[PDB]
Amino acid sequence: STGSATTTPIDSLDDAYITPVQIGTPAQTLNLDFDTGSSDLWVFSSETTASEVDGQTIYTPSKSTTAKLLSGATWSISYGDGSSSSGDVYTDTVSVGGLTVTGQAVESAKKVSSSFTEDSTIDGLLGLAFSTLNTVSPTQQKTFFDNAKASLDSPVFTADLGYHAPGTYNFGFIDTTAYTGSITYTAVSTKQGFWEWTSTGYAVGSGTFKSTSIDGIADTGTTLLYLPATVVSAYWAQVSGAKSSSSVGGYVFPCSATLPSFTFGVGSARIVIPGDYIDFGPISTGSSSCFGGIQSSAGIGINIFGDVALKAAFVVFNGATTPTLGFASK
């Protein structure tokens, strides 16, 4: 089997991407944030505290003939951005782009933090990291990908995120028309539950490539590119007037600037992030100070190849017995 679904930016900055997901019988379609940095499929629901729901589409398990309470199971998650949610668990039928899993754990939110309430466009998350990170207790549950894997034509999914445009998540096949050149594969460590890999280095603009190992995670659920302070300083030093602002919470730059590209290494291959991808616009409405898309990972504890990086590539998440990651230009 295979599946193919379009993923769409939630706003003009590509702050996140939503993908329609069918849950239950008859189908209830919710727009979920596919997140390769976590492993819970959770949704706004009829059980979510009413004051914490503001425009989201909810899953109502009592209206699904295939929903079953997973008795005794609860979940609770905190994300790197400080947001969180928790609740109980149903199993139900879940389909993504034509690919159907029966018995998928659908984690129903009883509580969500303010960041989720305030984002009307995201109805929940669909985790695509390794199932070892799933928070369901006392019986840990499998991700959608893990459940689908055995049935897929090939045990893979691909992320093809657009810049200011829709893109595609495919399950079970590699669309050879969706990228240019060849795909370069690189080793993955699953020890922390993430798609963790080591970039071979970087360049700023037309500058020479610096060969250096950068361990980090491929994370579709993080907006920006978070890298070591040394690398980030070298990037922003090439933008007149750019500075790190403790008050704003990162590097900012004059909105009048033209940003250089940023290149990262995948083995001997190179992925080029155009300068425009690194512009996240005014820090506040009407400001001439713009927020940068490359930020320091210092104090996160891990480097994160988020959407800024991933959207410059066609990315293969290979869930074979020994997982690997593939990157191609597009």
# chains A, B, ... in the order shown; residues from 1 in each chain; ligands from 1
>>> closest_atom_pairs(of="region 55-166 of chain A", to="region 26-35 of chain A", cutoff="10 Å", atoms="only C-alpha atoms", output="tab-separated table")
residue	atom	partner	partner_atom	distance
A:56	CA	A:30	CA	8.6
A:57	CA	A:30	CA	6.2
A:58	CA	A:30	CA	7.2
A:59	CA	A:28	CA	6.6
A:60	CA	A:28	CA	8.2
A:61	CA	A:28	CA	9.5
A:63	CA	A:26	CA	8.0
A:64	CA	A:26	CA	6.3
A:65	CA	A:26	CA	7.5
A:66	CA	A:26	CA	8.7
A:93	CA	A:27	CA	8.7
A:94	CA	A:27	CA	8.6
A:95	CA	A:27	CA	8.9
A:96	CA	A:29	CA	9.9
A:121	CA	A:31	CA	7.4
A:122	CA	A:32	CA	5.9
A:123	CA	A:31	CA	5.4
A:124	CA	A:32	CA	4.9
A:125	CA	A:33	CA	4.6
A:126	CA	A:34	CA	4.7
A:127	CA	A:35	CA	4.8
A:128	CA	A:35	CA	5.6
A:129	CA	A:35	CA	7.3
A:159	CA	A:34	CA	9.6
>>> residues_around(residues="residue 116 (chain A)", least_positions_apart="3", cutoff="12 Å", atoms="only C-alpha atoms", output="VMD selection string")
chain A and resid 32 to 33 42 to 44 48 51 to 56 78 to 79 81 to 86 109 111 to 113 119 to 125
>>> residues_around(residues="region 202-208 of chain A", least_positions_apart="4", cutoff="9 Å", atoms="only C-alpha atoms", output="list in words")
residues 212, 231, 234, 235, 238, 259, 260, 261, 262, 263, 264, 265, 270, 272, 274 and 275 of chain A
>>> write_last_selection(atoms="N, CA and C atoms", output="PDB file, in the first residue's frame")
ATOM      1  N   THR A 212      32.773  20.074   9.006  1.00  0.00           N
ATOM      2  CA  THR A 212      32.640  19.917  10.432  1.00  0.00           C
ATOM      3  C   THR A 212      31.390  19.105  10.690  1.00  0.00           C
ATOM      4  N   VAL A 231      28.307  28.510  14.303  1.00  0.00           N
ATOM      5  CA  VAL A 231      27.787  28.455  12.933  1.00  0.00           C
ATOM      6  C   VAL A 231      26.828  29.609  12.701  1.00  0.00           C
ATOM      7  N   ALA A 234      28.539  32.962  12.453  1.00  0.00           N
ATOM      8  CA  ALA A 234      29.175  33.111  11.142  1.00  0.00           C
ATOM      9  C   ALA A 234      28.162  33.484  10.056  1.00  0.00           C
ATOM     10  N   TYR A 235      26.956  32.925  10.130  1.00  0.00           N
ATOM     11  CA  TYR A 235      25.911  33.290   9.179  1.00  0.00           C
ATOM     12  C   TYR A 235      25.521  34.762   9.327  1.00  0.00           C
ATOM     13  N   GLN A 238      27.355  37.960   8.155  1.00  0.00           N
ATOM     14  CA  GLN A 238      27.301  38.363   6.753  1.00  0.00           C
ATOM     15  C   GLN A 238      26.085  39.220   6.408  1.00  0.00           C
ATOM     16  N   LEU A 259      19.270  38.571   2.408  1.00  0.00           N
ATOM     17  CA  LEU A 259      19.931  37.499   3.134  1.00  0.00           C
ATOM     18  C   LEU A 259      20.726  36.575   2.225  1.00  0.00           C
ATOM     19  N   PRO A 260      21.919  36.167   2.680  1.00  0.00           N
ATOM     20  CA  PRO A 260      22.659  35.135   1.959  1.00  0.00           C
ATOM     21  C   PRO A 260      22.035  33.757   2.147  1.00  0.00           C
ATOM     22  N   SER A 261      22.334  32.864   1.216  1.00  0.00           N
ATOM     23  CA  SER A 261      21.931  31.482   1.364  1.00  0.00           C
ATOM     24  C   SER A 261      22.756  30.803   2.459  1.00  0.00           C
ATOM     25  N   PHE A 262      22.306  29.615   2.848  1.00  0.00           N
ATOM     26  CA  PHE A 262      23.006  28.781   3.800  1.00  0.00           C
ATOM     27  C   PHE A 262      23.013  27.374   3.238  1.00  0.00           C
ATOM     28  N   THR A 263      24.194  26.772   3.160  1.00  0.00           N
ATOM     29  CA  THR A 263      24.345  25.422   2.649  1.00  0.00           C
ATOM     30  C   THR A 263      24.683  24.476   3.789  1.00  0.00           C
ATOM     31  N   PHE A 264      24.061  23.295   3.801  1.00  0.00           N
ATOM     32  CA  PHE A 264      24.468  22.250   4.736  1.00  0.00           C
ATOM     33  C   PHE A 264      24.866  20.976   3.991  1.00  0.00           C
ATOM     34  N   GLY A 265      25.801  20.235   4.579  1.00  0.00           N
ATOM     35  CA  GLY A 265      26.299  19.025   3.960  1.00  0.00           C
ATOM     36  C   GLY A 265      25.544  17.781   4.367  1.00  0.00           C
ATOM     37  N   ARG A 270      25.336  18.553  -1.017  1.00  0.00           N
ATOM     38  CA  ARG A 270      25.105  19.873  -0.446  1.00  0.00           C
ATOM     39  C   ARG A 270      23.655  20.264  -0.692  1.00  0.00           C
ATOM     40  N   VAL A 272      21.219  23.579  -0.501  1.00  0.00           N
ATOM     41  CA  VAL A 272      21.273  25.032  -0.417  1.00  0.00           C
ATOM     42  C   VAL A 272      19.925  25.600   0.005  1.00  0.00           C
ATOM     43  N   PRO A 274      17.934  28.848   0.182  1.00  0.00           N
ATOM     44  CA  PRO A 274      17.994  30.237  -0.299  1.00  0.00           C
ATOM     45  C   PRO A 274      17.795  31.255   0.820  1.00  0.00           C
ATOM     46  N   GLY A 275      18.415  32.419   0.672  1.00  0.00           N
ATOM     47  CA  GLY A 275      18.284  33.465   1.662  1.00  0.00           C
ATOM     48  C   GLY A 275      16.855  33.803   2.047  1.00  0.00           C
TER      49      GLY A 275
END
>>> closest_atom_pairs(of="region 3-46 of chain A", to="region 301-306 of chain A", cutoff="12 Å", atoms="only C-alpha atoms", output="Markdown table")
| residue | atom | partner | partner_atom | distance |
| --- | --- | --- | --- | --- |
| A:14 | CA | A:306 | CA | 11.4 |
| A:15 | CA | A:306 | CA | 10.5 |
| A:16 | CA | A:306 | CA | 10.0 |
| A:17 | CA | A:306 | CA | 11.8 |
| A:35 | CA | A:306 | CA | 10.0 |
| A:36 | CA | A:306 | CA | 9.5 |
| A:37 | CA | A:306 | CA | 9.3 |
>>> residues_around(residues="residue 171 (chain A)", least_positions_apart="4", cutoff="9 Å", atoms="only C-alpha atoms", output="CSV table (one decimal) with N, CA, C and O atoms, in the first residue's frame")
chain,number,residue,atom,x,y,z
A,1,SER,N,0.9,-1.2,0.0
A,1,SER,CA,0.0,0.0,0.0
A,1,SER,C,0.9,1.2,0.0
A,1,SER,O,2.1,1.2,0.3
A,2,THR,N,0.3,2.3,-0.4
A,2,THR,CA,0.9,3.7,-0.3
A,2,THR,C,-0.1,4.7,0.2
A,2,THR,O,-1.3,4.4,0.1
A,3,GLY,N,0.3,5.9,0.6
A,3,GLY,CA,-0.5,7.0,0.8
A,3,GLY,C,0.2,8.3,0.3
A,3,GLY,O,1.4,8.3,0.2
A,4,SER,N,-0.6,9.3,-0.1
A,4,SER,CA,0.0,10.6,-0.6
A,4,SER,C,-1.0,11.7,-0.2
A,4,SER,O,-2.1,11.7,-0.5
A,5,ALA,N,-0.5,12.7,0.6
A,5,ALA,CA,-1.3,13.8,1.1
A,5,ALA,C,-0.6,15.1,0.9
A,5,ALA,O,0.7,15.2,1.1
A,96,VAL,N,-4.5,8.5,6.0
A,96,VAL,CA,-3.7,9.6,5.5
A,96,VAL,C,-3.5,9.4,4.0
A,96,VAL,O,-2.8,8.5,3.5
A,97,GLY,N,-4.0,10.3,3.2
A,97,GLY,CA,-3.8,10.3,1.7
A,97,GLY,C,-4.1,8.9,1.1
A,97,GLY,O,-3.4,8.5,0.2
A,99,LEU,N,-4.0,5.9,2.6
A,99,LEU,CA,-3.4,4.8,3.4
A,99,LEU,C,-4.1,4.7,4.7
A,99,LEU,O,-4.2,5.7,5.5
A,145,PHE,N,3.1,5.6,11.3
A,145,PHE,CA,4.0,5.1,10.4
A,145,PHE,C,4.4,3.7,10.8
A,145,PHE,O,4.5,2.7,10.0
A,148,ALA,N,1.7,1.3,10.0
A,148,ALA,CA,1.5,1.1,8.6
A,148,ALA,C,2.6,0.3,7.9
A,148,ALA,O,2.4,-0.2,6.8
A,149,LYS,N,3.8,0.3,8.5
A,149,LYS,CA,5.0,0.0,7.9
A,149,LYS,C,5.0,-1.4,7.1
A,149,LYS,O,5.4,-1.5,6.0
A,152,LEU,N,3.2,-1.2,3.8
A,152,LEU,CA,3.7,-0.3,2.8
A,152,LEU,C,4.5,-1.1,1.7
A,152,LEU,O,5.2,-2.0,2.0
A,153,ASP,N,4.5,-0.6,0.5
A,153,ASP,CA,5.3,-1.1,-0.5
A,153,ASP,C,6.8,-1.1,-0.2
A,153,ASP,O,7.5,-2.1,-0.5
A,154,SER,N,7.2,0.0,0.5
A,154,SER,CA,8.6,0.2,1.0
A,154,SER,C,8.4,0.9,2.3
A,154,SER,O,7.5,1.7,2.4
A,155,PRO,N,9.3,0.5,3.3
A,155,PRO,CA,9.1,1.0,4.6
A,155,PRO,C,9.6,2.4,4.8
A,155,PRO,O,10.6,2.7,5.6
A,156,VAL,N,9.0,3.4,4.1
A,156,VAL,CA,9.5,4.8,4.0
A,156,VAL,C,8.4,5.7,4.0
A,156,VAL,O,7.3,5.4,3.7
A,157,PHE,N,8.7,7.0,4.5
A,157,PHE,CA,7.9,8.1,4.1
A,157,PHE,C,8.8,9.2,3.7
A,157,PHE,O,9.9,9.3,4.0
A,158,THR,N,8.2,10.2,2.9
A,158,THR,CA,9.0,11.3,2.4
A,158,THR,C,8.3,12.6,2.8
A,158,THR,O,7.1,12.7,2.8
>>> closest_residue(among="A:10, A:77, A:309, A:217", to="residue 135 (chain A)", atoms="only C-alpha atoms")
A:77
>>> closest_residue(among="A:216, A:267, A:181, A:138", to="residue 228 (chain A)", atoms="only C-alpha atoms")
A:216
>>> residues_around(residues="residue 185 (chain A)", least_positions_apart="3", cutoff="9 Å", atoms="only C-alpha atoms", output="list in words")
residues 266, 267, 316, 324, 325, 326, 327 and 328 of chain A
>>> write_last_selection(atoms="C-alpha atoms", output="PDB file, in the first residue's frame")
ATOM      1  CA  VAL A 266      24.794  15.580   3.613  1.00  0.00           C
ATOM      2  CA  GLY A 267      27.750  13.291   3.071  1.00  0.00           C
ATOM      3  CA  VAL A 316      13.406  10.388   2.782  1.00  0.00           C
ATOM      4  CA  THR A 324      18.544   6.090   7.394  1.00  0.00           C
ATOM      5  CA  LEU A 325      17.738   9.580   6.088  1.00  0.00           C
ATOM      6  CA  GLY A 326      17.958  10.677   2.453  1.00  0.00           C
ATOM      7  CA  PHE A 327      18.251  14.211   1.087  1.00  0.00           C
ATOM      8  CA  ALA A 328      17.925  15.442  -2.494  1.00  0.00           C
TER       9      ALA A 328
END
>>> closest_residue(among="A:139, A:211, A:284, A:233", to="residue 248 (chain A)", atoms="only C-alpha atoms")
A:284
>>> closest_residue(among="A:315, A:239, A:150, A:229", to="residue 278 (chain A)", atoms="only C-alpha atoms")
A:239
>>> select_by_dssp(residues="region 5-239 of chain A", states="alpha helix (DSSP H)", output="PyMOL selection string")
chain A and resi 114-118+144-148+229-236
>>> select_by_dssp(residues="region 160-220 of chain A", states="strand (DSSP E or B)", output="PyMOL selection string")
chain A and resi 160+167-171+184-187+189+196-204+210-218
>>> write_last_selection(atoms="N, CA and C atoms", output="CSV table (one decimal), in the first residue's frame")
chain,number,residue,atom,x,y,z
A,160,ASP,N,8.2,16.6,1.6
A,160,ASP,CA,8.5,17.5,0.5
A,160,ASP,C,7.8,18.8,0.8
A,167,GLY,N,3.1,21.3,-0.2
A,167,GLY,CA,4.0,20.3,-0.5
A,167,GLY,C,3.3,18.9,-0.3
A,168,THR,N,4.1,17.9,0.0
A,168,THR,CA,3.6,16.5,0.0
A,168,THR,C,4.3,15.7,1.0
A,169,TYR,N,3.5,14.9,1.7
A,169,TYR,CA,3.9,13.7,2.5
A,169,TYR,C,3.5,12.5,1.7
A,170,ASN,N,4.5,11.6,1.4
A,170,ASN,CA,4.2,10.3,0.8
A,170,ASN,C,4.6,9.2,1.7
A,171,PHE,N,3.8,8.1,1.7
A,171,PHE,CA,4.1,6.9,2.5
A,171,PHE,C,4.2,5.7,1.6
A,184,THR,N,21.0,11.5,-1.5
A,184,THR,CA,22.2,11.0,-0.7
A,184,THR,C,21.7,10.6,0.7
A,185,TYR,N,22.0,9.4,1.0
A,185,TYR,CA,21.5,8.8,2.3
A,185,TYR,C,22.6,8.9,3.3
A,186,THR,N,22.2,9.0,4.6
A,186,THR,CA,23.1,9.2,5.7
A,186,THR,C,22.6,8.5,6.9
A,187,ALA,N,23.5,8.1,7.8
A,187,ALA,CA,23.2,7.2,8.9
A,187,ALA,C,22.3,7.9,10.0
A,189,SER,N,20.9,7.7,14.1
A,189,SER,CA,20.9,7.1,15.4
A,189,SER,C,19.5,7.3,16.0
A,196,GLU,N,17.9,11.3,14.1
A,196,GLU,CA,19.2,12.0,14.4
A,196,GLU,C,20.3,11.6,13.5
A,197,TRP,N,21.0,12.6,12.9
A,197,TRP,CA,22.0,12.3,11.9
A,197,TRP,C,23.1,13.4,12.0
A,198,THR,N,24.1,13.2,11.2
A,198,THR,CA,25.3,14.1,11.3
A,198,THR,C,25.6,14.8,10.0
A,199,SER,N,25.3,16.1,9.9
A,199,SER,CA,25.7,16.9,8.7
A,199,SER,C,27.2,17.0,8.7
A,200,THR,N,27.7,17.1,7.5
A,200,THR,CA,29.1,17.1,7.2
A,200,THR,C,29.7,18.5,7.2
A,201,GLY,N,28.9,19.6,7.3
A,201,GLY,CA,29.4,20.9,7.4
A,201,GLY,C,28.4,22.0,6.8
A,202,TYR,N,29.0,23.2,6.6
A,202,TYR,CA,28.1,24.3,6.1
A,202,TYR,C,28.9,25.3,5.3
A,203,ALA,N,28.2,26.1,4.5
A,203,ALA,CA,28.7,27.3,3.9
A,203,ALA,C,27.7,28.4,4.1
A,204,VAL,N,28.2,29.7,4.2
A,204,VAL,CA,27.4,30.9,4.2
A,204,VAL,C,27.5,31.6,2.8
A,210,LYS,N,32.8,24.7,5.1
A,210,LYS,CA,33.5,24.3,6.3
A,210,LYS,C,33.1,22.9,6.6
A,211,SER,N,34.1,22.0,6.6
A,211,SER,CA,33.9,20.6,6.9
A,211,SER,C,33.9,20.5,8.4
A,212,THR,N,32.8,20.1,9.0
A,212,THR,CA,32.6,19.9,10.4
A,212,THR,C,31.4,19.1,10.7
A,213,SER,N,31.5,18.2,11.6
A,213,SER,CA,30.3,17.3,12.0
A,213,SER,C,29.3,18.1,12.8
A,214,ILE,N,28.1,18.1,12.4
A,214,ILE,CA,27.0,18.7,13.2
A,214,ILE,C,25.9,17.7,13.4
A,215,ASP,N,25.8,17.2,14.6
A,215,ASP,CA,24.7,16.2,15.0
A,215,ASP,C,23.4,17.0,15.2
A,216,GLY,N,22.3,16.5,14.6
A,216,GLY,CA,21.1,17.1,14.8
A,216,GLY,C,19.9,16.2,14.4
A,217,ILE,N,18.7,16.7,14.5
A,217,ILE,CA,17.5,16.0,14.2
A,217,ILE,C,16.7,16.6,13.0
A,218,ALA,N,16.2,15.7,12.2
A,218,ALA,CA,15.3,16.1,11.1
A,218,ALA,C,13.9,16.2,11.7
